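Just the one chain here, laid out as structure tokens, in the form deposited in one PDB entry.
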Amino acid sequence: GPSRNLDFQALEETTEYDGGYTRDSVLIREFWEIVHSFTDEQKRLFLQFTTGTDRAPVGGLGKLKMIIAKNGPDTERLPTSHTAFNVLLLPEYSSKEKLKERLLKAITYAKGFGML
């Protein structure tokens, strides 16, 4: 909708972390920059892949629970997620580009839940 940058912060507020990492961590922190920095259409397909839903609605995203899990050490693997359980499985990459490229392809390749 006509606005300056989508309010994905609410989503971040309820976003969960696994293993031994947090939001301040390079993996999550860099990850968030990529999602927020993406265009509106990119965000829409991004959310469908991870949780089977559309980009940030006029309301807050904090109403939905998001789960972040680390696949493993910095290695080249295709990112995976489940809309049914709203879980994101991404390996801990050493660079935002490294995870951005793998992540972007995974969400674009996969078909979003959509509607109707």
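A residue's number is simply how far along the shown sequence it sits, counting from 1.
Not on display, but discussed next: the form solved in complex with a partner chain.
- When contacts are judged by a 4.5 Å heavy atom cut-off, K65 counts as touching its partner chain in the deposited complex.
- In the deposited complex, its partner chain lies within 4.5 Å of some heavy atom of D18.
- The closest non-hydrogen atom of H36 lies beyond 4.5 Å of its partner chain in the deposited complex.
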